[PDB]
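# Structural overview for review
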Amino acid sequence: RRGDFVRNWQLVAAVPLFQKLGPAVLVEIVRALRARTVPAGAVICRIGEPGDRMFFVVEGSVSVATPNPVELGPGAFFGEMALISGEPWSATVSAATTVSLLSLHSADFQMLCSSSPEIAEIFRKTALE
Amino acid sequence: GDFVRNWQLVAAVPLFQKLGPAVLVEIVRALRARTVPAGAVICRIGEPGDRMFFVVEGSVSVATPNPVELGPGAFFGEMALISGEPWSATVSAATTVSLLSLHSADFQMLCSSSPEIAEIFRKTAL
Amino acid sequence: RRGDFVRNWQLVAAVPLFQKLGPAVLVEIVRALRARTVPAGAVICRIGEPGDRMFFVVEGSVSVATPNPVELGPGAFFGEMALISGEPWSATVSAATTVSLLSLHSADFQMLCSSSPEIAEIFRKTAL
Amino acid sequence: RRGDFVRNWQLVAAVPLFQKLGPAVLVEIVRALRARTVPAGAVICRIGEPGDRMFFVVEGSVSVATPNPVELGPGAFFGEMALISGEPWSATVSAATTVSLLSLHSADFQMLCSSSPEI
């Protein structure tokens, strides 16, 4: 489906970290994404484990193991500091129902610094942080 | 213009799955639109819930571990729509966010026109 | 498909005669629509034949038999006038490709006067 | 607003002329598009004039000057031969209601078939 690409763009464009990134850039961000079906109950990211990627919950809902547990349905995303630095996950997130995941690996978003200055400026901005 | 955009957003919600076109068009008409600046608290922990929210533009943030954010096409507060339970997490705007909300009262008042809405309440009540 | 309903609503909502209609009224009109698939070359409406229905071209393009052979793609509609009066077609429109048709018959539209005040207001403003 | 952009993308991709084109290029087309809203009654393009651009209907309806006028609604497009070539508009098109439109100028379209010759 071609409409899936659009809705993925729509999700990607909505990321605060990506606000000053133009259309051309966003496309290649979307093209880099990796699709993964996750069964109900299965872990997506462990607490305290090395975050090397960002996640996008296209269809289905996810459970969040926190001081206050919350099930968050479709159109959800997390892991911005896993892209930029090597921040470990502050909470275990798992699939509440059948989950349709899209994943941005920190390697691919990084390999975009050569062609995109706006992305390059994200990492440099993380000098004092 | 916005109506069709709102129809499809609402029609994506599983709670509204078994609903019909005539019922759905009335729900869209009941929606309220609001644009919130980045940082402003939308709904707060512990406070009672009286509406359901839809993200149209931008993305909101859930304050638990500040991990999960919700972008366009996302929704929250299904149970605060039917029953009236307080929110399990504080939600606020990460960016400038365009939102729709369906007030619980306006949804409850559609039992008059929809056996399906009434059934949702009959099961939820018991 | 529920997806097709919203596309049909959107086209109906764009009809000049239908502008002063609320979202709920447009639902009854879309519910009244009749679907047909018509092969390329077939006549949708023939000049001089009585106009008893309005047409919506959901998929495919249509050709108008004007001295200039024009092809007008999907999202096309005509025969708005055929709901008001019995006036015959001024031209012949035919399918230029495979066409998915939607049809609102003048009779089905007419008896929505008892259902909804705005349609009844359309007939009053006409006859006045 | 990324709202209009997404709407414009899905709109142009539904048009057959752009079907066999990749996500990378459809975007550049969309950026090259210009938006205008026209009042009911106003002439968008005249018969016999110079065919400069292609048109996409967003909201409202335009009308084509046929004996019993044919209207084009949201998702409709017109003026294709004004890109593949540059010939007189074969019929006069005006606004039936208040119409929101997208337009692609033959300048930009040609200036984008060099980057990706797919047409």
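Residues numbered from 1 in each chain as written, not as in the entry; some residues may be left out. Chains lettered and ligands numbered in written order. Heavy atoms only, no water. Residues with missing side-chain atoms left out of burial classes, pairs and counts.

Looking at the method and resolution fields of the entry, one finds X-ray crystallography and 2.90 Å.

Here the focus is unusual backbone geometry. Note: most peptide bonds trans; most residues except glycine with negative phi. In this structure, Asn66 of chain B takes a positive phi of about 55° despite not being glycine. By the element assignment, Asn66 of chain B lies in the loop between β4 (60-62) and β5 (69-70). (Helix = DSSP H or I, 4+ residues; strand = E, 2+ residues; numbered from the N terminus.)

Below, the discussion takes up the interface of chain A and chain B. Tallying the contact residues gives 21 residues for chain A and 17 residues for chain B. When residues of the side of chain A that touches chain B are traced back to their parent elements, those giving at least two are α1 (2-13), β5 (70-72) and β6 (76-78) of chain A. By residue number, the principal contributor to the side of chain A that touches chain B is β6 of chain A, which donates three residues. Residues of the side of chain A that touches chain B, tallied by class, amount to twelve nonpolar, eight polar and one charged. Where β6 of chain A lies against β5 of chain B, two bridges are found, and the strand directions are antiparallel. What sits directly across from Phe77 of chain A, in β5 of chain B, is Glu69 of chain B. (Contact = heavy atoms within 4.5 Å. Nonpolar A, V, L, I, M, F, W, Y, C, P; charged D, E, K, R; others polar. Pairing = 2+ DSSP bridges.)

So, on to the packing of aromatic side chains. Pairing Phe3 of chain B with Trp9 of chain C gives two aromatic rings, centres 5.5 Å apart and planes at 10°, and the pair type is stacked. Of the two residues, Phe3 of chain B sits in helix α1 (residues 2-11) while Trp9 of chain C sits in helix α1 (residues 2-12), which places them in two different chains. Considering the side-chain rings of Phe107 of chain B and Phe121 of chain B, the 5.5 Å spacing of their centres and the 40° angle between planes classify their relative orientation as tilted. Of this pair, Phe107 of chain B sits in helix α4 (residues 104-108) while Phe121 of chain B is found in helix α5 (residues 115-125), placing the two residues 14 residues apart along the sequence. Here the aromatic residues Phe18, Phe109 and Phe123 of chain A are joined through ring pairs into a cluster of three or more. (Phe/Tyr/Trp six-rings, centres within 6.5 Å; stacked < 30°, edge-to-face > 60°.)

Below, the discussion takes up the packing of α1 of chain B against α1 of chain C. Packing of α1 of chain B against α1 of chain C leaves a shortest axis separation of 10 Å and a crossing angle of 170°. With respect to their mutual orientation, α1 of chain B and α1 of chain C come out roughly antiparallel. Contacts from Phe3, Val4 and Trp7 of chain B in α1 of chain B reach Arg2, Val6, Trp9 and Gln10 of chain C in α1 of chain C. Per-class residue counts for the contact of α1 of chain B with α1 of chain C are five nonpolar, one polar and one charged. (Axes fitted to C-alpha atoms, helices over the stretch in contact; angles between N-to-C directions. Parallel < 35°, antiparallel > 145°, perpendicular 65-115°, else oblique.)

Listed as interface residues are eight residues of chain A and, on the opposing side, six residues of chain D. Contributing elements (two or more residues each) for the side of chain A that touches chain D: α1 and α2 (23-32) of chain A. With five residues, the top contributor of residues to the side of chain A that touches chain D is α1 of chain A. Of the residues belonging to the side of chain A that touches chain D, the class tally is six nonpolar, one polar and one charged.

Note that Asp50 of chain B is salt-bridged to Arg51 of chain B, the shortest N-O span being 3.0 Å. Linking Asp52 of chain D and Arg53 of chain D is a salt bridge whose minimum nitrogen-to-oxygen distance equals 3.0 Å. (Salt bridge = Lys/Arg side-chain N within 4 Å of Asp/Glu carboxyl O.)

Turning our attention to the pairing of strand β3 (residues 53-59) of chain C. All names here are of chain C. Bridge count between β3 and strand β8 (residues 99-105): six bridges; the pairing is antiparallel. Bridging across to β8, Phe55 finds its partner in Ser103. Sheet topology places β3 next to strand β6 (residues 76-78); three bridges connect them, and they run antiparallel. Bridging across to β6, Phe55 finds its partner in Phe78.

Our focus in this paragraph is the sheet that holds strand β7 (residues 92-95) of chain A. Residue and element names in this part refer to chain A. Strand order in this open sheet of four strands is β2-β7-β4-β5, and the pairing throughout is antiparallel. The strands lining the two open edges of the sheet, one partner per strand, are β2 (43-45) and β5. Here the average twist between neighbouring strands, direction ignored, is 30°. Bridge count between strand β4 (residues 62-65) and β7: four bridges; the pairing is antiparallel. Paired with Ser63 across the bridge in β7 is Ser94.

Attention now goes to the sheet that holds strand β7 (residues 93-95) of chain C. Residue and element names in this part refer to chain C. Pairing is antiparallel in the open sheet, where four strands are placed in the order β2-β7-β4-β5. What marks the edges here is a single partner per strand, and that holds for β2 (43-45) and β5 (70-72). For this sheet the average axis-to-axis angle between neighbouring strands, irrespective of direction, equals 35°. Sheet analysis places β2 next to β7, joined by two bridges and oriented antiparallel. By the bridge assignment for β7, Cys45 is matched with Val93.

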